[PDB]
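Chain by chain, the residues run as shown.
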Amino acid sequence: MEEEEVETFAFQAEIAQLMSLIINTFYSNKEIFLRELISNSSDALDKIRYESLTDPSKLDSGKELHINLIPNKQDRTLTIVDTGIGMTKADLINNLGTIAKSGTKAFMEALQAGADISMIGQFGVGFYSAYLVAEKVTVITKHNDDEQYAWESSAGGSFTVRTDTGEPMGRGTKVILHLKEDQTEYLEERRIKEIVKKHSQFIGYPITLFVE
Ligand SMILES: CC(C)(C)c1cc(C(=O)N2CCOCC2)ccc1O
């Protein structure tokens, strides 16, 4: 038998309000969610490249810096996998819910004035777009300093962080989107290629689509 430690955290007040706003209001442009995830994946990769200045040991990695997309129609999930820096426990808690973001209220205000959900990234809260198409989000992450963790929230006010004892993934972050029944278009290969070409064409790393 294996064992994992679980922690439940409250979402910062305005993050929780934002998550409600997304989950219960219709928008679409929803496809911008993929660009946000690829962008964050791209930053984690930039950090790996710069960390080398403070830790030359990083250069010794055989791992290729890239982004993989994996649609699974049998399970109704879309997974975005990167080989970036990863996130320690503190990084997950601080950056995925617990700390205030100075752009949160302003964004909820812009949205109420009909601004496009596509502005989410420039307000400092782009990750919560994942909730435009997913009823539950699992974030598997592995950083050099620390253990592998899984973050998870079906929304509802909180999120748990636990030490992941599942399949090791090596350095990086894996975002697993459990799609709402009506968002199945994001499992199709033609739909997937359309939004990448459309929103993530200038990304500096290889992006790969795995089909079937
Ligand atoms: C936080 C989230 C889920 C948006 C995300 C984080 C990373 C990640 O590992 N980060 C740590 C290093 O700095 C960039 C974010 C990579 C992809 C991704 O979608």
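Each remark here, short or long, concerns the structure printed above.
Overview of the structure.

Now for the overall build of the protein. The secondary structure content of the protein amounts to five helices and eight strands. Secondary structure elements of the protein occur, N-terminal to C-terminal, as β-α-α-β-β-α-α-β-β-β-β-α-β. In summary, the protein has a C-alpha radius of gyration of 17 Å against a globular reference of 17 Å for 212 residues, a match within 12%. If you line up the protein on its principal axes, its C-alpha atoms span 50 × 40 × 40 Å. For the protein, the exposed surface amounts to about 11100 Å²; the carbon and sulfur share of it is 47%. For the protein, the centre of its 22 positive side-chain charges and the centre of its 33 negative side-chain charges are spaced 5 Å apart.

The local shell around the ligand holds 13 residues, among which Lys47, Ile85, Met87, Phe127 and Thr173 are the closest. The side chain of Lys47 places a nitrogen or oxygen atom 2.8 Å from an oxygen atom of the ligand. At 2.6 Å, a side-chain N or O of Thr173 approaches an oxygen atom of the ligand. For the ligand, whose unbound accessible area comes to 440 Å², protein coverage reaches 90%. Here the ligand occupies the largest pocket. Only α2 (32-51) and β7 (172-179) provide two or more residues apiece to the shell around the ligand. The leading source of residues in the shell around the ligand is α2, at five residues. Classifying every residue of the shell around the ligand by side-chain character gives seven nonpolar, four polar and two charged.

This structure, assessed with the given rule, holds 14 salt bridges. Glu4 serves as the salt-bridge partner of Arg162, at 2.6 Å between the closest nitrogen and oxygen. Placement of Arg162 in strand β6 (residues 158-163) and of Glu4 in the segment before β1 (6-10) is noted, with a sequence separation of 158 residues between them. A relative accessible area of 26% means that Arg162 is categorised as partly exposed. With its nearest N and O atoms 3.0 Å apart, the salt bridge here joins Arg191 to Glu194. Placement of both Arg191 and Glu194 in helix α5 (residues 189-199) is noted, with a separation of three residues, approximately one turn of the helix.

Turning our attention to the sheet that holds strand β4 (residues 134-142). Taken together, the eight strands give an open sheet; going across it, the order is β1-β6-β5-β4-β7-β3-β2-β8, and neighbouring strands pair in mixed fashion. Each edge of the open sheet is held by one strand with a lone partner, namely β1 and β8 (207-209). Taking each pair of neighbouring strands and ignoring which way they run, the sheet shows an average axis angle of 15 degrees. Pairing of β4 with β7, which is carried by eight bridges, proceeds in the antiparallel orientation. From the neighbouring strand, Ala134 faces β7, where its bridge partner is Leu179. Here α2 sits on the sheet in contact with β2 (67-72), β3 (77-82), β7 and β8, set at roughly 20 degrees to β3.

Cut-off values and rules
- Shown numbers run from 1 along every chain as its sequence is written, which may differ from how the entry numbers residues; residues without coordinates are omitted from display.
- In computing side-chain properties, one takes all heavy atoms of the structure into account and sets aside hydrogens as well as water.
- Each helix is a run of DSSP H or I of at least 4 residues and each strand a run of E of at least 2, with the numbering of both proceeding from the N terminus.
- Computation of the radius of gyration draws on C-alpha atoms alone. For the globule rule, the value is 2.2 Å times the number of residues to the power 0.38.
- Accessible surface is estimated by sampling points in the Shrake-Rupley manner with a 1.4 Å probe; for residues, cover comes only from the protein chains shown.
- Charge counting follows a simple rule: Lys and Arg are positive, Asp and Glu are negative, and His as well as the terminal groups are ignored.
- Charged groups are reduced to one reference atom each: NZ for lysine, CZ for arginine, CG for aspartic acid, CD for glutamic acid.
- The near set for a molecule or strand comprises every residue that places at least one heavy atom within 4 Å of it.
- Nitrogen and oxygen atoms within 3.5 Å of one another constitute a polar contact, given that in protein one can donate a hydrogen and the other can accept it, and given that sequence-neighbouring residues count only through two side-chain atoms.
- Space inside and on the surface of the protein is sampled on a 1 Å grid over the protein atoms alone, with a cavity defined as a set of points where a 1.4 Å probe fits but cannot get out and a pocket as an open set with protein on both sides within 12 Å along at least 5 of 7 lines; lining residues have an atom within 4 Å of a point.
- Any molecule with more than half of its atoms within 2 Å of a cavity's or pocket's grid points is regarded as sitting in that cavity or pocket.
- In this count, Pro and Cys sit with the nonpolar residues alongside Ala, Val, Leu, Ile, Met, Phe, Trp and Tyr, while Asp, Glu, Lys and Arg are called charged and the others, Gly among them, polar.
- In what follows, salt bridge is the name for a side-chain nitrogen of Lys or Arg lying within 4 Å of a carboxyl oxygen of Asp or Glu.
- Summary of the burial criterion: residues with accessible area below 20% of their type's maximum are buried, those above 50% are exposed, and those between are partly exposed, where the area comes from a 1.4 Å probe applied to protein chains only.
- Paired strands are those between which DSSP finds at least two bridges.
- Axes, fitted as lines to C-alpha atoms, cover a helix only where it is in contact. Angles between the N-to-C directions of the axes lie from 0 to 180 degrees.
- Note on contacts: a residue pair is in contact if any heavy atoms of the two residues lie within 4.5 Å.

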